[PDB]
Amino acid sequence: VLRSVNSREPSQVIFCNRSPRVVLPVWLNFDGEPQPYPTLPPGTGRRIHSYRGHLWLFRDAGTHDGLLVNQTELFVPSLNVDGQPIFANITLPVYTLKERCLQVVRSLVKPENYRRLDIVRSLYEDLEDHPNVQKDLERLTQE
Amino acid sequence: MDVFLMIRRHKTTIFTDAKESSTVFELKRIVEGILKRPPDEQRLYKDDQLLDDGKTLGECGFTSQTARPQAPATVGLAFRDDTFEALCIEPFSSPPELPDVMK
Amino acid sequence: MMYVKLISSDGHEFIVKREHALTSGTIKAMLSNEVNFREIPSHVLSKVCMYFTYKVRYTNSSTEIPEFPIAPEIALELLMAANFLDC
Ligand SMILES: Cc1cc([C@H](C(=O)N2C[C@H](O)C[C@H]2C(=O)NOc2ccc(-c3scnc3C)cc2)C(C)C)on1
């Protein structure tokens, strides 16, 4: 389901990192493969050349922790109306406490040592389940 | 702007929000509904400095950028029935030492 | 504004709006107006009540959303709380 239309009609888009995370913007290419692009430092914005009907998602460049773009999971550059570039506002999502806790423990603990903590084997698994873009793309294909 | 607060007397901690331009007296009204002591029986401290009722919370340095939902600013409460008690805010628990593998 | 009392393992009485504590299903469950937590200490349950405020404020917000801060020393026990509370 998830791949960029090769519409061949360009669209001037502003990636606006409105998050404390270093952002990795990810174009879904014509085969539906996630192709990474140059990372945005936090609170910075760049005006980029993309195409209508193309598909974009954004992740933490260091942990692939999932971010939002204009409130939602996926971004599709529309037509620039009045020569006014379209805005991709990349914010942090309201992570669950469990997911935010996981992020923070992962960020401190080397993956090897996850097994070397005093927590239920249920939570080791939750720790090892690093956010994956591919697994998420797979997850999102279904109804 | 909105401001988010822990109003704290001894063990009791109270999470509440208000606007920067709301007053310290409106904050004493909040405690009245909850703890059933009138505003004249209360004394509000910012770090043990007594606060004037007439003053707005933005005047007292409780801004949106200090009193955040994720990191609310503490407000100390003292009750009266002859004189006002010493501010005694009982501290939260001590986090144990980091396991070797988080250091 | 209906409030609720969340007593921790060390007797700390946390008072939070009712509509902020039905963020946690586990609490939503226990209620559906004091609630004791024999296993959750106050240096944790403090931080949980901050999340509650954090979630009610920033969920469905067009505004920039800031990090939820978690200090290394609380991380392992706060995760175990998060999971028990379904939030
Ligand atoms: C015709 C046609 C052309 C294309 C692709 C293409 O040029 N694309 C795909 C997206 O629309 C962005 C744009 C791009 O890659 N433009 O160049 C950019 C270079 C850097 C950035 C970024 S993202 C963050 N930092 C920068 C500077 C953005 C665009 C080719 C890769 C095949 O698809 N149909």
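Conventions and cut-offs
- Residues numbered from 1 in each chain as written, not as in the entry; some residues may be left out.
- Chains lettered and ligands numbered in written order.
- Heavy atoms only, no water.
- Residues with missing side-chain atoms left out of burial classes, pairs and counts.
- Helix = DSSP H or I, 4+ residues; strand = E, 2+ residues; numbered from the N terminus.
- Expected span 1.5 Å × (residues − 1).
- Buried < 20%, exposed > 50% of the residue type's maximum accessible area, 1.4 Å probe, protein only.
- Near = heavy atom within 4 Å.
- Polar contact = N/O pair within 3.5 Å; in protein donor to acceptor, adjacent residues only side chain to side chain.
- Nonpolar A, V, L, I, M, F, W, Y, C, P; charged D, E, K, R; others polar.
- UniProt positions renumbered as here; feature names shortened; annotations may be inferred.
- Contact = heavy atoms within 4.5 Å.
- Buried area = accessible area lost by both parts, 1.4 Å probe.
- Salt bridge = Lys/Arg side-chain N within 4 Å of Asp/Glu carboxyl O.
- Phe/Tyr/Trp six-rings, centres within 6.5 Å; stacked < 30°, edge-to-face > 60°.
- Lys NZ or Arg CZ within 6 Å of the ring centre and 35° of its normal.
- Pairing = 2+ DSSP bridges.
- Axes fitted to C-alpha atoms, helices over the stretch in contact; angles between N-to-C directions.

For this deposition, the record names X-ray crystallography as the technique by which the model was determined and cites 2.8000 Å as its resolution.

Here we come to helix α3 (residues 42–58) of chain C. Residue and element names in this part refer to chain C. The terminal C-alpha atoms of α3, which comprises 17 residues, lie 24 Å apart, in line with the 24 Å expected from a rise of 1.5 Å per residue. Of all 17 residues that make up α3, 14 are buried, and the element is covered over most of its length. Just downstream of α3, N60 is the residue with a positive phi angle, here 75 degrees.

Residue and element names in this part refer to chain A. Around the ligand, the surrounding shell holds 13 residues, and the nearest of these are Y37, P38, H49, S50 and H54. In this structure, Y51 approaches the ligand through a main-chain N or O atom, which is 3.4 Å from an oxygen atom. With five residues, strand β4 (residues 45–51) is the largest single contributor of residues to the shell around the ligand. Split into classes, the residues belonging to the shell around the ligand amount to eight nonpolar, four polar and one charged.

What follows is about the UniProt feature "domain: Ubiquitin-like" in chain B. Annotation from UniProt places "domain: Ubiquitin-like" at residues 1–66 of chain B. Annotated as residues 1–66 of chain B, this span is 18% helix and 35% strand, and its ends, taken at the C-alpha atoms, are 11 Å apart.

Let us look at the interface of chain B and chain C. Contact residues are listed per partner, giving 26 residues for chain B and 30 residues for chain C. Taken over both partners, the interface formed by chain B and chain C buries close to 2200 Å², and the fraction arising from carbon and sulfur atoms is 64%. On the chain B side of the interface with chain C, the three residues burying the most area are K11, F15 and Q70 of chain B, jointly 31% of the side's total. Taken together, the connections running from chain B to chain C amount to two salt bridges. When the shortest N-O distance is used, the salt bridge between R57 of chain C and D2 of chain B registers 2.8 Å.

Right, let's talk about the packing of aromatic side chains for a bit. In the structure shown here, the tally under the stated rule is ten aromatic pairs over all chains. Between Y51 of chain C and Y54 of chain C the ring centres are 6.2 Å apart and the planes differ by 45 degrees, which places this aromatic pair in the tilted class. Taken together, the residues span about one helical turn, with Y51 of chain C and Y54 of chain C both in helix α3 at a distance of three residues. The exposure class of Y54 of chain C is buried, given its relative accessible area of 3%. Taken together, a centroid distance of 5.4 Å and an interplanar angle of 55 degrees make the contact between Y54 of chain C and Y58 of chain C tilted. With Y54 of chain C and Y58 of chain C both in helix α3 and four residues apart, the pair spans about one turn of that helix. With a relative accessible area of 14%, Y58 of chain C lands in the buried category. Members of the aromatic cluster, each reached through a chain of ring pairs, are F15, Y37, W56 and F58 of chain A. Of note, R8 of chain B hangs over the ring of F92 of chain B, and the distance from its end group to the ring centre comes to 4.0 Å.

Once that is clear, we can look at unusual backbone geometry. Phi angles above zero are rare outside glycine, and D48 of chain B is one such case at about 80 degrees. Tracing the backbone through its elements, the reader meets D48 of chain B in the loop between β3 (42–46) and β4 (49–50). Under the relative-accessibility criterion, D48 of chain B is labelled exposed at 58%. A positive phi angle, near 55 degrees, is found at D86 of chain C, a position not held by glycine. Tracing the sequence through the fold places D86 of chain C in the segment after α4 (75–85). Classification of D86 of chain C as exposed rests on a relative accessible area of 55%.

Residues and elements named next belong to chain C. Buried residues dominate strand β2 (residues 13–17), accounting for four of its five residues. Of the pairings in the sheet, the one linking strand β1 (residues 3–7) to β2 comprises five bridges and is antiparallel in character. Counterpart to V4 in the pairing with β2 is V16. In textbook terms, the turn of a hairpin is the stretch between consecutive antiparallel strands, and for β1 and β2 this stretch comprises five residues, one of which, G11, has a positive phi near 90 degrees.

In this section: the sheet that holds strand β2 (residues 23–28) of chain A. Strand-to-strand pairing in sheets goes through backbone hydrogen bonds, with the strands running parallel or antiparallel. Residues and elements named next belong to chain A. Read across the open sheet, the three strands follow the order β3-β2-β5; overall the sheet is antiparallel. Two strands bound the open sheet, and with one partner strand each, they are β3 (34–36) and β5 (55–60). The mean inter-strand angle of the sheet, taken between neighbouring strand axes irrespective of direction, is 35 degrees. Pairing geometry for β2 and β3, over three bridges, is antiparallel. When the bridges of β3 are listed, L28 appears paired with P34. Contacts between helix α3 (residues 133–140) and the sheet are confined to β2, β3 and β5, with β5 contributing the most and set at about 135 degrees to the helix.

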